[PDB]
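One chain comes next, on its own, written as structure tokens: the form deposited in one PDB entry.
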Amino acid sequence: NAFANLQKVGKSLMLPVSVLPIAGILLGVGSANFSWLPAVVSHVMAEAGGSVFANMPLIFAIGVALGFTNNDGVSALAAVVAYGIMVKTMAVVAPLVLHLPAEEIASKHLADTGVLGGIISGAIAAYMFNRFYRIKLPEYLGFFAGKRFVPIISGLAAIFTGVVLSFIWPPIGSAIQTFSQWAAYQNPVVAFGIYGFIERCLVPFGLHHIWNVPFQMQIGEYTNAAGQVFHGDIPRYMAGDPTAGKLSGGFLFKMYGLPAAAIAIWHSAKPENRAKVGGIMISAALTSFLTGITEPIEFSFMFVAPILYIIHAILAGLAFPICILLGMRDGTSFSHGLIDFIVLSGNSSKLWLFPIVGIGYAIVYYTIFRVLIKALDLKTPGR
């Protein structure tokens, strides 16, 4: 059941992403320094959003623990304990292993685990909960027995894992740093084209959350004037990173093409199966256009027309290079929709080109889908 196990990783890694909108509303608006809001309000909102982003590794740990424990809050408490213990164990052991000052390591994040550390801590907590949450102790130790024993063993395992990972990290950490530097600053064009293609390829099976975690949460490192450091395209754009927003190509298809593809599916639908198909597809198009959720649109032609899905994946992969080359920069919280498009427009660049290239993308999607449905006789909804 490896395939199902991988899915639970995707769902568990999605939950930390679902709480980004509150960070986007606060940090996105606050960092924009809108003239129609007092500076105090913007500063407070920015600080609140930065607080939300400072706990992202802990939120990931909680997500993993809840995903692998049927959403039990004691597992979340164990994840908190284990994440704290592991982070402090690594921070105190790594200077000894590397024989370098702790301050330099912290500043350069040589031993920093971040989201991966949160995932490891949450996995430890989930395993300890699943094994020991029914542990029977001697009658005179019955108090610590059960869910009460989970945090203690989780913390012990956490300190052990902290020592082990303080020994193990340097190589994998250097590899991760090199990959992040490449994909963020050296060749972001091909990097994010591949990201888009692989994400569309993985969306059918739920692994796109796993594939997104690096690009959305880890690659890149931006520090604001307050000294807080952000990792990933999403937090870095919300924080106000001029180099972020490389995921802006999501808008081009999510808000224009997939809705245009749905419109094409509606039009190509038979008249006897046209009204209901149009209702379903307009609902899906509105969903993808406002929130950015593509699954109602993509699942319609995911299996019946694999050729259409491959063409969509290629176009989506090309969307990100198009925006990067054209300078179109606008970020999202969870998925690329109109709400995120407007709320997060404060730090955007060339926001006017988005409707233009979007109309182009809609025309391309509509024409391609209509032509290939007529030619290849693809059985899109309503057939």
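Note that residue numbering begins at 1 and tracks the sequence as displayed.
Beyond what is shown, the protein has a form deposited in another entry; the following relates to that form.
Novice: Given a rigid part rotating relative to another between this form and the one not shown, which candidate among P296, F144, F179, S51 lies at the hinge?
Specialist: Residue at the hinge, from the list: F179.
Novice: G28 and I359: do their C-alpha atoms lie closer or farther in the other form than in the form you see, with a change of 3 Å or more?
Specialist: Distance between the C-alphas of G28 and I359: longer in the other form, by 3 Å or more.
Novice: Since the Cα separation of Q216 and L15 moves by 3 Å or more in the other form, tell me which way: closer or farther than here.
Specialist: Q216 and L15 sit farther apart in the other form.
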